[PDB]
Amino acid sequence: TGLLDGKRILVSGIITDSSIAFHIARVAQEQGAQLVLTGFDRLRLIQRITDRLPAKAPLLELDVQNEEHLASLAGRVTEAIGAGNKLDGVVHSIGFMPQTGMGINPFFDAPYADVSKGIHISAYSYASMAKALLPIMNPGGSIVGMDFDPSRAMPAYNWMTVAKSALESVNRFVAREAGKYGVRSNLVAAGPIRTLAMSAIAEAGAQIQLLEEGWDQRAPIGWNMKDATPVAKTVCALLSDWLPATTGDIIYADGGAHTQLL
């Protein structure tokens, strides 16, 4: 009855119980998956938000800008799931951009240092996580990252749009590497979801508002910006065996908004 039955999956990116990662985790566990979680910085609070998941799961520290964490990550994951076991799934649900690269801050005024930090964490880290975790993944496995359609420019998102454009490209190359291990690599492009990070993006509020209302309007089946579950289920679909021929790709979990002009 479990879609992810018997699969060992690493899930990064939980910060609150609003986090897309948190809901990915909950739905995965409901579908029989065995998880390992990773958190950044506030492991104290995170450890406790994750206590509210349907089942218990080891929590490892991972700062994707930290070379030492990455070098040790595979070892620490192995310790947590038991030697002789490998990952079946990896969820990258990590993103960051300094305030200067978002909101009403002029596009031209974000210093490259700030952009580079945003691109490091939001795009490059998809590959560096892949580099760490592929040596301990089973054939038939699946890596899934979170995307926000960057095909067109828009207000407020600014340099985070550029980061997602890089991430989409990095994804297609990770797929080439991941293919050597019989592993898939894909992105899920979600509609706007009210999260902690969503909260930080913000005149700029007027625009975000109008964008959101637009999404629900264009989407032929509507879009509930307060429900993370359909996005969570999409990510789990990709972690399962039921999309076995899809890789280097992007699945849109956006109510179909991107397929409609008006």
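Residue numbers here begin at 1 and follow the sequence given.
- Where coordinates are absent for parts of the deposited sequence, a chain break appears; between neighbours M225 and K226 there is no such break.
- In this entry, 5 to 13 has the higher mean Cα B-factor, the comparison being between 249 to 257 and 5 to 13.
- Just going by the entry, 216 to 224 versus 47 to 55 on mean CA temperature factor gives the higher value to 47 to 55.
- Comparing the listed residues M129, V91, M102, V183, the entry records the largest Cα B-factor for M102.
- Looking at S169, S122, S142, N85, the one whose CA carries the top B-factor in the deposited record is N85.
- Ranked within its chain, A232 lands in the lowest third, by CA B factor from the PDB record.
- The deposited CA B-factor of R76 belongs to the highest third of values across its chain.
- Per the deposited record, the Cα B-factor of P98 falls in the highest third when ranked against the other modelled residues of its chain.
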